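Okay, structure first, notes after.
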Amino acid sequence: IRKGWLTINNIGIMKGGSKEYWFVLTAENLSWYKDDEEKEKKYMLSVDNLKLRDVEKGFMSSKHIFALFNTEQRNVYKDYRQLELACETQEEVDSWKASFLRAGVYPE
């Protein structure tokens with residue numbers, strides 16, 4: 001449905017620090033890659049059982065930040081905490097939120 005680069009702010013101490021990843025969004029699954037060639041296949045999460053929320057001032061929010069969180073568990077699989085995503089512009093945040101909603105993600 002939508003593809004682009006997104007920075008993940010929540011990464012564990014073993015690999016901590018915000019990092020930019022290539023993301024592919026479809027109606028069925030969310031697939032994250034370290035490359036735009038879509039070969040790494042870092043981790044995947046299903047579209048459903050997820051919801052979109054805003055974020056608090058817990059990060060140096062020089063970017064436009066929104067969070068996709070698991071409604072069944074406390075964290076995203078193969079990830080640290082919930083998937084807080086930072087965009088270069090606010091339009092990217094709104095576009096991604098709309099894309100996730102169309103894919104099947106539900107509002108908080």
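Going through the structure tokens in order, the chains are called A, B, and so on, while each chain numbers its residues from 1 and the ligands are numbered from 1 in the order shown.
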
Where does range 39-105 of chain A meet range 7-27 of chain A within 8 Å, residue by residue, with the nearest atom pair and distance in Å to one decimal for each, counting only C-alpha atoms, listed by chain and rising number, as a Markdown table?
```
| residue | atom | partner | partner_atom | distance |
| --- | --- | --- | --- | --- |
| A:47 | CA | A:27 | CA | 6.8 |
| A:79 | CA | A:11 | CA | 7.0 |
| A:80 | CA | A:11 | CA | 5.1 |
| A:81 | CA | A:10 | CA | 6.4 |
| A:82 | CA | A:10 | CA | 7.2 |
| A:83 | CA | A:10 | CA | 6.8 |
| A:84 | CA | A:9 | CA | 5.9 |
| A:85 | CA | A:8 | CA | 5.0 |
| A:86 | CA | A:7 | CA | 5.1 |
| A:87 | CA | A:7 | CA | 6.7 |
| A:99 | CA | A:25 | CA | 7.9 |
| A:100 | CA | A:25 | CA | 7.6 |
| A:102 | CA | A:27 | CA | 7.5 |
| A:103 | CA | A:27 | CA | 4.1 |
| A:104 | CA | A:27 | CA | 6.6 |
```

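Nearest to residue 33 in chain A of all the residues A:66, A:59, A:5, A:106 is A:5, based on only C-alpha atoms.
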
Exercise for review: Write out as number ranges by chain all residues of chain A that DSSP puts in strand (DSSP E) for this structure's backbone.
Suggested key: A: 2-8, 19-25, 29-33, 43-46, 50-53, 64-70, 83-87, 106-107

Practice item. Write out as a PyMOL selection string which residues come within 9 Å of residue 69 in chain A when counting only C-alpha atoms, dropping same-chain ones fewer than 4 positions away. Key: chain A and resi 49-53+73-76+81-84+108

For the residues in the current selection, export C-alpha atoms as a short mmCIF file (atom, residue, chain, number, x, y, z; two decimals), in the first residue's frame.
```cif
data_model
loop_
_atom_site.label_atom_id
_atom_site.label_comp_id
_atom_site.auth_asym_id
_atom_site.auth_seq_id
_atom_site.Cartn_x
_atom_site.Cartn_y
_atom_site.Cartn_z
CA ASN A 49 -4.20 -6.38 16.39
CA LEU A 50 -2.48 -2.98 16.11
CA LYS A 51 -3.56 0.60 16.71
CA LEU A 52 -2.17 4.09 16.12
CA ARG A 53 -1.48 6.55 18.93
CA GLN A 73 1.12 -7.85 24.06
CA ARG A 74 3.38 -5.24 25.65
CA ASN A 75 5.73 -4.89 22.66
CA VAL A 76 6.10 -5.41 18.92
CA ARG A 81 8.72 -1.66 23.33
CA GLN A 82 6.13 -0.37 20.84
CA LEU A 83 6.95 0.74 17.30
CA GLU A 84 7.41 4.48 17.69
CA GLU A 108 -6.33 3.99 19.52
#
```

List every residue of chain A that DSSP, applied to the backbone of this structure, places in helix (DSSP H, G or I), and write the result as a PDB file with N, CA and C atoms, in the first residue's frame.
```pdb
ATOM      1  N   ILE A  13      19.015  -1.763  24.428  1.00  0.00           N
ATOM      2  CA  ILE A  13      20.363  -1.349  24.807  1.00  0.00           C
ATOM      3  C   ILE A  13      21.413  -2.092  23.994  1.00  0.00           C
ATOM      4  N   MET A  14      21.155  -3.358  23.656  1.00  0.00           N
ATOM      5  CA  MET A  14      22.117  -4.116  22.862  1.00  0.00           C
ATOM      6  C   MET A  14      22.308  -3.509  21.478  1.00  0.00           C
ATOM      7  N   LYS A  15      21.273  -2.858  20.939  1.00  0.00           N
ATOM      8  CA  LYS A  15      21.343  -2.221  19.628  1.00  0.00           C
ATOM      9  C   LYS A  15      20.778  -0.805  19.665  1.00  0.00           C
ATOM     10  N   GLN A  90       5.429  16.257   8.861  1.00  0.00           N
ATOM     11  CA  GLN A  90       4.118  15.913   9.398  1.00  0.00           C
ATOM     12  C   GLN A  90       3.240  15.253   8.345  1.00  0.00           C
ATOM     13  N   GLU A  91       3.396  15.643   7.077  1.00  0.00           N
ATOM     14  CA  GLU A  91       2.602  15.032   6.015  1.00  0.00           C
ATOM     15  C   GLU A  91       2.879  13.538   5.921  1.00  0.00           C
ATOM     16  N   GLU A  92       4.141  13.140   6.088  1.00  0.00           N
ATOM     17  CA  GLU A  92       4.471  11.719   6.102  1.00  0.00           C
ATOM     18  C   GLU A  92       3.761  11.003   7.244  1.00  0.00           C
ATOM     19  N   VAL A  93       3.703  11.632   8.420  1.00  0.00           N
ATOM     20  CA  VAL A  93       3.006  11.026   9.552  1.00  0.00           C
ATOM     21  C   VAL A  93       1.535  10.816   9.214  1.00  0.00           C
ATOM     22  N   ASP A  94       0.877  11.861   8.709  1.00  0.00           N
ATOM     23  CA  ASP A  94      -0.537  11.746   8.367  1.00  0.00           C
ATOM     24  C   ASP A  94      -0.758  10.727   7.256  1.00  0.00           C
ATOM     25  N   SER A  95       0.103  10.734   6.236  1.00  0.00           N
ATOM     26  CA  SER A  95      -0.038   9.768   5.152  1.00  0.00           C
ATOM     27  C   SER A  95       0.124   8.341   5.661  1.00  0.00           C
ATOM     28  N   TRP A  96       1.128   8.101   6.507  1.00  0.00           N
ATOM     29  CA  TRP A  96       1.318   6.761   7.054  1.00  0.00           C
ATOM     30  C   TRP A  96       0.139   6.348   7.925  1.00  0.00           C
ATOM     31  N   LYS A  97      -0.350   7.255   8.775  1.00  0.00           N
ATOM     32  CA  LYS A  97      -1.506   6.929   9.602  1.00  0.00           C
ATOM     33  C   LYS A  97      -2.703   6.552   8.740  1.00  0.00           C
ATOM     34  N   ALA A  98      -2.965   7.327   7.686  1.00  0.00           N
ATOM     35  CA  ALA A  98      -4.051   6.984   6.777  1.00  0.00           C
ATOM     36  C   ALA A  98      -3.792   5.647   6.094  1.00  0.00           C
ATOM     37  N   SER A  99      -2.548   5.405   5.675  1.00  0.00           N
ATOM     38  CA  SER A  99      -2.222   4.138   5.030  1.00  0.00           C
ATOM     39  C   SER A  99      -2.433   2.965   5.982  1.00  0.00           C
ATOM     40  N   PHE A 100      -1.998   3.103   7.236  1.00  0.00           N
ATOM     41  CA  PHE A 100      -2.222   2.039   8.211  1.00  0.00           C
ATOM     42  C   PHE A 100      -3.710   1.817   8.450  1.00  0.00           C
ATOM     43  N   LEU A 101      -4.486   2.899   8.545  1.00  0.00           N
ATOM     44  CA  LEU A 101      -5.923   2.756   8.752  1.00  0.00           C
ATOM     45  C   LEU A 101      -6.576   2.026   7.587  1.00  0.00           C
ATOM     46  N   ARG A 102      -6.186   2.364   6.356  1.00  0.00           N
ATOM     47  CA  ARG A 102      -6.714   1.652   5.197  1.00  0.00           C
ATOM     48  C   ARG A 102      -6.285   0.191   5.206  1.00  0.00           C
ATOM     49  N   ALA A 103      -5.038  -0.079   5.604  1.00  0.00           N
ATOM     50  CA  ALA A 103      -4.554  -1.456   5.633  1.00  0.00           C
ATOM     51  C   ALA A 103      -5.368  -2.320   6.587  1.00  0.00           C
TER      52      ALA A 103
END
```
